[PDB]
$ cat entry-v9.pdb   # PDB, C-alpha atoms
ATOM      1  CA  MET A   1    -249.327 103.158  98.872  1.00  0.00           C
ATOM      2  CA  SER A   2    -246.014 101.968 100.371  1.00  0.00           C
ATOM      3  CA  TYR A   3    -244.661 102.867 103.828  1.00  0.00           C
ATOM      4  CA  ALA A   4    -241.064 101.567 103.960  1.00  0.00           C
ATOM      5  CA  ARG A   5    -240.277  97.925 103.101  1.00  0.00           C
ATOM      6  CA  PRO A   6    -237.937  95.875 105.291  1.00  0.00           C
ATOM      7  CA  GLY A   7    -239.112  95.636 108.934  1.00  0.00           C
ATOM      8  CA  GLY A   8    -236.916  94.588 111.896  1.00  0.00           C
ATOM      9  CA  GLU A   9    -235.469  91.341 113.323  1.00  0.00           C
ATOM     10  CA  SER A  10    -232.076  89.862 114.336  1.00  0.00           C
ATOM     11  CA  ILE A  11    -229.761  88.985 111.420  1.00  0.00           C
ATOM     12  CA  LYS A  12    -232.210  86.858 109.393  1.00  0.00           C
ATOM     13  CA  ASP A  13    -232.671  87.627 105.687  1.00  0.00           C
ATOM     14  CA  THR A  14    -233.328  91.154 104.392  1.00  0.00           C
ATOM     15  CA  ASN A  15    -230.780  91.974 101.669  1.00  0.00           C
ATOM     16  CA  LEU A  16    -231.691  94.612  99.075  1.00  0.00           C
ATOM     17  CA  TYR A  17    -231.246  94.594  95.295  1.00  0.00           C
ATOM     18  CA  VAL A  18    -229.292  97.728  94.337  1.00  0.00           C
ATOM     19  CA  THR A  19    -230.260  98.768  90.792  1.00  0.00           C
ATOM     20  CA  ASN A  20    -228.101 100.960  88.523  1.00  0.00           C
ATOM     21  CA  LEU A  21    -224.555 100.224  89.745  1.00  0.00           C
ATOM     22  CA  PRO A  22    -221.595 100.308  87.389  1.00  0.00           C
ATOM     23  CA  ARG A  23    -218.380  98.437  88.273  1.00  0.00           C
ATOM     24  CA  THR A  24    -216.623 101.713  89.165  1.00  0.00           C
ATOM     25  CA  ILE A  25    -216.059 100.408  92.715  1.00  0.00           C
ATOM     26  CA  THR A  26    -215.158  97.055  94.308  1.00  0.00           C
ATOM     27  CA  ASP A  27    -217.487  94.662  96.160  1.00  0.00           C
ATOM     28  CA  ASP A  28    -215.318  94.872  99.295  1.00  0.00           C
ATOM     29  CA  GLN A  29    -215.440  98.667  98.864  1.00  0.00           C
ATOM     30  CA  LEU A  30    -219.208  98.986  99.394  1.00  0.00           C
ATOM     31  CA  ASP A  31    -218.287  97.660 102.855  1.00  0.00           C
ATOM     32  CA  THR A  32    -216.146 100.708 103.703  1.00  0.00           C
ATOM     33  CA  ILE A  33    -219.024 102.960 102.591  1.00  0.00           C
ATOM     34  CA  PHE A  34    -221.246 101.124 105.105  1.00  0.00           C
ATOM     35  CA  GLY A  35    -219.102 100.294 108.209  1.00  0.00           C
ATOM     36  CA  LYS A  36    -221.565 102.097 110.511  1.00  0.00           C
ATOM     37  CA  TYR A  37    -224.945 100.305 110.687  1.00  0.00           C
ATOM     38  CA  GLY A  38    -224.460  96.521 110.550  1.00  0.00           C
ATOM     39  CA  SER A  39    -221.559  94.273 109.503  1.00  0.00           C
ATOM     40  CA  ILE A  40    -223.028  93.576 106.027  1.00  0.00           C
ATOM     41  CA  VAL A  41    -223.190  89.708 105.918  1.00  0.00           C
ATOM     42  CA  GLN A  42    -222.539  89.923 102.136  1.00  0.00           C
ATOM     43  CA  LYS A  43    -221.900  92.200  99.120  1.00  0.00           C
ATOM     44  CA  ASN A  44    -222.019  91.158  95.432  1.00  0.00           C
ATOM     45  CA  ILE A  45    -222.578  92.519  91.903  1.00  0.00           C
ATOM     46  CA  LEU A  46    -224.786  91.227  89.055  1.00  0.00           C
ATOM     47  CA  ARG A  47    -224.413  92.156  85.369  1.00  0.00           C
ATOM     48  CA  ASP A  48    -226.686  91.432  82.382  1.00  0.00           C
ATOM     49  CA  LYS A  49    -224.549  91.322  79.217  1.00  0.00           C
ATOM     50  CA  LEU A  50    -224.216  87.549  78.686  1.00  0.00           C
ATOM     51  CA  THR A  51    -227.355  86.098  80.312  1.00  0.00           C
ATOM     52  CA  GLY A  52    -230.221  88.592  79.913  1.00  0.00           C
ATOM     53  CA  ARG A  53    -231.576  87.799  83.398  1.00  0.00           C
ATOM     54  CA  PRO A  54    -230.924  90.853  85.545  1.00  0.00           C
ATOM     55  CA  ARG A  55    -230.733  94.497  84.402  1.00  0.00           C
ATOM     56  CA  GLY A  56    -227.364  95.951  85.470  1.00  0.00           C
ATOM     57  CA  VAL A  57    -227.789  95.804  89.263  1.00  0.00           C
ATOM     58  CA  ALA A  58    -225.700  94.681  92.254  1.00  0.00           C
ATOM     59  CA  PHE A  59    -226.890  93.098  95.514  1.00  0.00           C
ATOM     60  CA  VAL A  60    -226.059  94.733  98.857  1.00  0.00           C
ATOM     61  CA  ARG A  61    -226.437  92.811 102.116  1.00  0.00           C
ATOM     62  CA  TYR A  62    -228.692  93.828 104.994  1.00  0.00           C
ATOM     63  CA  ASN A  63    -229.832  90.741 106.934  1.00  0.00           C
ATOM     64  CA  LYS A  64    -231.545  92.328 109.960  1.00  0.00           C
ATOM     65  CA  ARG A  65    -234.633  93.948 108.426  1.00  0.00           C
ATOM     66  CA  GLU A  66    -233.813  97.128 110.383  1.00  0.00           C
ATOM     67  CA  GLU A  67    -230.284  97.204 108.928  1.00  0.00           C
ATOM     68  CA  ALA A  68    -231.801  96.972 105.430  1.00  0.00           C
ATOM     69  CA  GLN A  69    -233.682 100.185 106.255  1.00  0.00           C
ATOM     70  CA  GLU A  70    -230.260 101.745 106.839  1.00  0.00           C
ATOM     71  CA  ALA A  71    -229.161 100.791 103.318  1.00  0.00           C
ATOM     72  CA  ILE A  72    -232.353 102.530 102.176  1.00  0.00           C
ATOM     73  CA  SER A  73    -230.925 105.873 103.348  1.00  0.00           C
ATOM     74  CA  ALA A  74    -227.262 105.160 104.214  1.00  0.00           C
ATOM     75  CA  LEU A  75    -226.763 102.946 101.120  1.00  0.00           C
ATOM     76  CA  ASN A  76    -229.073 105.031  98.848  1.00  0.00           C
ATOM     77  CA  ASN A  77    -226.356 106.482  96.590  1.00  0.00           C
ATOM     78  CA  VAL A  78    -223.311 104.886  98.277  1.00  0.00           C
ATOM     79  CA  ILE A  79    -221.002 107.501  96.719  1.00  0.00           C
ATOM     80  CA  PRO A  80    -219.937 110.991  97.706  1.00  0.00           C
ATOM     81  CA  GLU A  81    -221.924 113.624  95.761  1.00  0.00           C
ATOM     82  CA  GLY A  82    -220.038 113.473  92.439  1.00  0.00           C
ATOM     83  CA  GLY A  83    -221.587 110.886  90.086  1.00  0.00           C
ATOM     84  CA  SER A  84    -220.449 107.268  90.553  1.00  0.00           C
ATOM     85  CA  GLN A  85    -224.066 106.244  89.825  1.00  0.00           C
ATOM     86  CA  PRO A  86    -226.083 105.526  92.952  1.00  0.00           C
ATOM     87  CA  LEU A  87    -227.967 102.274  93.667  1.00  0.00           C
ATOM     88  CA  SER A  88    -231.742 101.921  94.013  1.00  0.00           C
ATOM     89  CA  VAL A  89    -231.976 100.367  97.487  1.00  0.00           C
ATOM     90  CA  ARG A  90    -235.015  98.245  98.424  1.00  0.00           C
ATOM     91  CA  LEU A  91    -235.567  94.783  99.960  1.00  0.00           C
ATOM     92  CA  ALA A  92    -236.047  92.476  96.955  1.00  0.00           C
ATOM     93  CA  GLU A  93    -238.896  89.936  97.087  1.00  0.00           C
ATOM     94  CA  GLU A  94    -236.797  86.757  97.343  1.00  0.00           C
ATOM     95  CA  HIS A  95    -235.095  86.598 100.757  1.00  0.00           C
ATOM     96  CA  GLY A  96    -231.643  84.997 100.419  1.00  0.00           C
ATOM     97  CA  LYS A  97    -228.512  86.093 102.322  1.00  0.00           C
TER      98      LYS A  97
END
$ encode --input "entry-v9.pdb" --output "structure tokens"
Amino acid sequence: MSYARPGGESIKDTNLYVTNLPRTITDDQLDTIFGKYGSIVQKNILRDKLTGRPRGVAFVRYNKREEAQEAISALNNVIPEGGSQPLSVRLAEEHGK
């Protein structure tokens, strides 16, 4: 059915769309939660209350396909067990760092 998504390759373009992510943290904060796999070439947040385009979801960075895999586990739920709403990690089908 589906065996992992992102693959592997020097910093190219493999960011992942994190779904379900309230603004309880800061964009620069998601960096501290990572600081272990890659150097996250980005980190943003997208809301859908005045455009109707997205669906309450942020966008984590993971250029190197391999690094994106990290976000899969490492970023999956980028909050210490205690709510904070986790993010659904997965390489989106758009490619754009």
$ resolve_selection --input "entry-v9.pdb" --expression "the PyMOL selection byres ((chain A and resi 48) around 12)" --output "JSON, numbers by chain"
{"A": [19, 20, 21, 22, 45, 46, 47, 49, 50, 51, 52, 53, 54, 55, 56, 57, 58]}
$ write_last_selection --input "entry-v9.pdb" --atoms "C-alpha atoms" --output "PDB file, in the frame of the given file"
ATOM      1  CA  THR A  19    -230.260  98.768  90.792  1.00  0.00           C
ATOM      2  CA  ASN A  20    -228.101 100.960  88.523  1.00  0.00           C
ATOM      3  CA  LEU A  21    -224.555 100.224  89.745  1.00  0.00           C
ATOM      4  CA  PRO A  22    -221.595 100.308  87.389  1.00  0.00           C
ATOM      5  CA  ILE A  45    -222.578  92.519  91.903  1.00  0.00           C
ATOM      6  CA  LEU A  46    -224.786  91.227  89.055  1.00  0.00           C
ATOM      7  CA  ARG A  47    -224.413  92.156  85.369  1.00  0.00           C
ATOM      8  CA  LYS A  49    -224.549  91.322  79.217  1.00  0.00           C
ATOM      9  CA  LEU A  50    -224.216  87.549  78.686  1.00  0.00           C
ATOM     10  CA  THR A  51    -227.355  86.098  80.312  1.00  0.00           C
ATOM     11  CA  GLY A  52    -230.221  88.592  79.913  1.00  0.00           C
ATOM     12  CA  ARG A  53    -231.576  87.799  83.398  1.00  0.00           C
ATOM     13  CA  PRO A  54    -230.924  90.853  85.545  1.00  0.00           C
ATOM     14  CA  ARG A  55    -230.733  94.497  84.402  1.00  0.00           C
ATOM     15  CA  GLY A  56    -227.364  95.951  85.470  1.00  0.00           C
ATOM     16  CA  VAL A  57    -227.789  95.804  89.263  1.00  0.00           C
ATOM     17  CA  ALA A  58    -225.700  94.681  92.254  1.00  0.00           C
TER      18      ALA A  58
END
$ closest_residue --input "entry-v9.pdb" --among "A:90, A:37, A:6, A:85" --to "residue 25 of chain A" --atoms "only C-alpha atoms"
A:85
$ resolve_selection --input "entry-v9.pdb" --expression "the PyMOL selection byres ((chain A and resi 62) around 10)" --output "PDB file with C-alpha atoms, in the coordinates of the input"
ATOM      1  CA  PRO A   6    -237.937  95.875 105.291  1.00  0.00           C
ATOM      2  CA  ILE A  11    -229.761  88.985 111.420  1.00  0.00           C
ATOM      3  CA  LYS A  12    -232.210  86.858 109.393  1.00  0.00           C
ATOM      4  CA  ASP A  13    -232.671  87.627 105.687  1.00  0.00           C
ATOM      5  CA  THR A  14    -233.328  91.154 104.392  1.00  0.00           C
ATOM      6  CA  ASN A  15    -230.780  91.974 101.669  1.00  0.00           C
ATOM      7  CA  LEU A  16    -231.691  94.612  99.075  1.00  0.00           C
ATOM      8  CA  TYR A  37    -224.945 100.305 110.687  1.00  0.00           C
ATOM      9  CA  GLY A  38    -224.460  96.521 110.550  1.00  0.00           C
ATOM     10  CA  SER A  39    -221.559  94.273 109.503  1.00  0.00           C
ATOM     11  CA  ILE A  40    -223.028  93.576 106.027  1.00  0.00           C
ATOM     12  CA  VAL A  41    -223.190  89.708 105.918  1.00  0.00           C
ATOM     13  CA  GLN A  42    -222.539  89.923 102.136  1.00  0.00           C
ATOM     14  CA  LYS A  43    -221.900  92.200  99.120  1.00  0.00           C
ATOM     15  CA  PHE A  59    -226.890  93.098  95.514  1.00  0.00           C
ATOM     16  CA  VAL A  60    -226.059  94.733  98.857  1.00  0.00           C
ATOM     17  CA  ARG A  61    -226.437  92.811 102.116  1.00  0.00           C
ATOM     18  CA  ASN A  63    -229.832  90.741 106.934  1.00  0.00           C
ATOM     19  CA  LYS A  64    -231.545  92.328 109.960  1.00  0.00           C
ATOM     20  CA  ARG A  65    -234.633  93.948 108.426  1.00  0.00           C
ATOM     21  CA  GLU A  66    -233.813  97.128 110.383  1.00  0.00           C
ATOM     22  CA  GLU A  67    -230.284  97.204 108.928  1.00  0.00           C
ATOM     23  CA  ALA A  68    -231.801  96.972 105.430  1.00  0.00           C
ATOM     24  CA  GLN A  69    -233.682 100.185 106.255  1.00  0.00           C
ATOM     25  CA  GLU A  70    -230.260 101.745 106.839  1.00  0.00           C
ATOM     26  CA  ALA A  71    -229.161 100.791 103.318  1.00  0.00           C
ATOM     27  CA  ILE A  72    -232.353 102.530 102.176  1.00  0.00           C
ATOM     28  CA  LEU A  91    -235.567  94.783  99.960  1.00  0.00           C
ATOM     29  CA  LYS A  97    -228.512  86.093 102.322  1.00  0.00           C
TER      30      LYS A  97
END
$ atom_distance --input "entry-v9.pdb" --atom1 "atom CA of residue 87 of chain A" --atom2 "atom CA of residue 18 of chain A"
4.8 Å
$ residues_near_point --input "entry-v9.pdb" --point "(-221.6, 102.3, 101.1)" --cutoff "8 Å" --atoms "only C-alpha atoms" --output "VMD selection string"
chain A and resid 29 to 35 74 to 75 77 to 79
$ atom_distance --input "entry-v9.pdb" --atom1 "atom CA of residue 28 of chain A" --atom2 "atom CA of residue 8 of chain A"
25.0 Å
$ atom_distance --input "entry-v9.pdb" --atom1 "atom CA of residue 83 of chain A" --atom2 "atom CA of residue 23 of chain A"
13.0 Å
$ axis_aligned_box --input "entry-v9.pdb" --around "segment 62-79 of chain A" --padding-each-side "8 Å" --output "lines of an AutoDock Vina configuration file"
center_x = -227.8
center_y = 99.1
center_z = 103.5
size_x = 29.6
size_y = 32.8
size_z = 29.8
$ closest_residue --input "entry-v9.pdb" --among "A:36, A:17, A:73, A:80" --to "residue 95 of chain A" --atoms "only C-alpha atoms"
A:17
